[PDB]
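In: give the three-dimensional model of this entry:
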Amino acid sequence: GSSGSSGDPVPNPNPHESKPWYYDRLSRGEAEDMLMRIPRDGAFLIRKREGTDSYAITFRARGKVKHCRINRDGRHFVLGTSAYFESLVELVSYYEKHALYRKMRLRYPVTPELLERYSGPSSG
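Out: Numbering: from 1, shown residues only. Find the structure here:
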């Protein structure tokens with residue numbers, strides 16, 4: 001227990017790392033499972049994998065769960081096609097309109113609060 005002065009700390013040029021659907025300590029082992037736990041047909045989650053500057057997004061396709069390799073093209077993120085996005089954030093909102101696989105599209109961004117709410121009566 002320690003507090004005192006606090007207002008506006010240093011800026012955060014990485015909003016994605018702050019987003020709720022943003023996973024840092026997540027691994028396929030669970031990542032995939034999560035989607036399988038979501039009774040919704042259109043979930044999506046973005047996790048990071050140590051090693052290189054390449055991320056992967058896991059979603060659910062009418063049941064199954066696929067993954068899309070995320071690359072970078074000069075301080076810019078590139079899902080799969082010619083889609084420049086200063087940050088994954090914009091990429092998410094951009095796709096929200098268009099499709100991702102066939103007809104479905106980012107609608108229910110798997111969150112750490114949902115998994116719990118979708119499992120067990122209480123959570124603490």
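In: how close does residue 36 sit to residue 102?
Out: Note on residue 36: its distance to residue 102, by CB to CB, to the nearest Å, is 19 Å. To be clear about C-beta, it is placed using only N, CA and C from the backbone, and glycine gets the same treatment.
In: just the element for the residue nearest the centre of the chain, please.
Out: For the chain, the residue nearest the mean C-alpha position is residue 46 (2.7 Å; CA atoms, centre = their mean). According to DSSP states H and E, residue 46 maps onto strand 43-47.
In: that strand pairs with which strands, parallel or anti?
Out: strand 22-23 (parallel), strand 55-61 (antiparallel), strand 108-109 (parallel) (DSSP bridges).
In: now the second one: buried residues?
Out: Burial within strand 55-61, assessed by neighbour count using 16 or more other CB atoms under 10 Å, is assigned to 55, 57-60.
In: what's the single longest strand in this structure?
Out: The strand spanning the most residues in the chain, taking DSSP state E as the definition, is strand 64-72.
In: quick check: angle from that one to strand 43-47?
Out: 40 degrees (axes from the mean of the first three to the mean of the last three CA atoms, to 10 degrees).
In: not counting the helix or strand harbouring residue 114 itself, show me its contacts.
Out: Secondary-structure assignment from DSSP H and E places residue 114 in helix 112-117. Helix 112-117 is contacted from outside by 20, 34, 37-38, 123, using CB atoms under 8 Å, 6 or more residues apart in numbering.
In: using PDB, list the CA coordinates for it.
Out: Extracted in PDB, the C-alpha atoms of helix 112-117 (Å, rounded to 0.1, in the frame of the first residue of the first chain):
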ATOM      1  CA  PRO A 112     -10.300 -12.200 -20.500                       C
ATOM      2  CA  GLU A 113     -13.600 -11.300 -18.800                       C
ATOM      3  CA  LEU A 114     -15.800 -13.300 -21.100                       C
ATOM      4  CA  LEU A 115     -14.000 -16.600 -20.700                       C
ATOM      5  CA  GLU A 116     -14.700 -16.300 -16.900                       C
ATOM      6  CA  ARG A 117     -18.300 -15.100 -17.400                       C
END
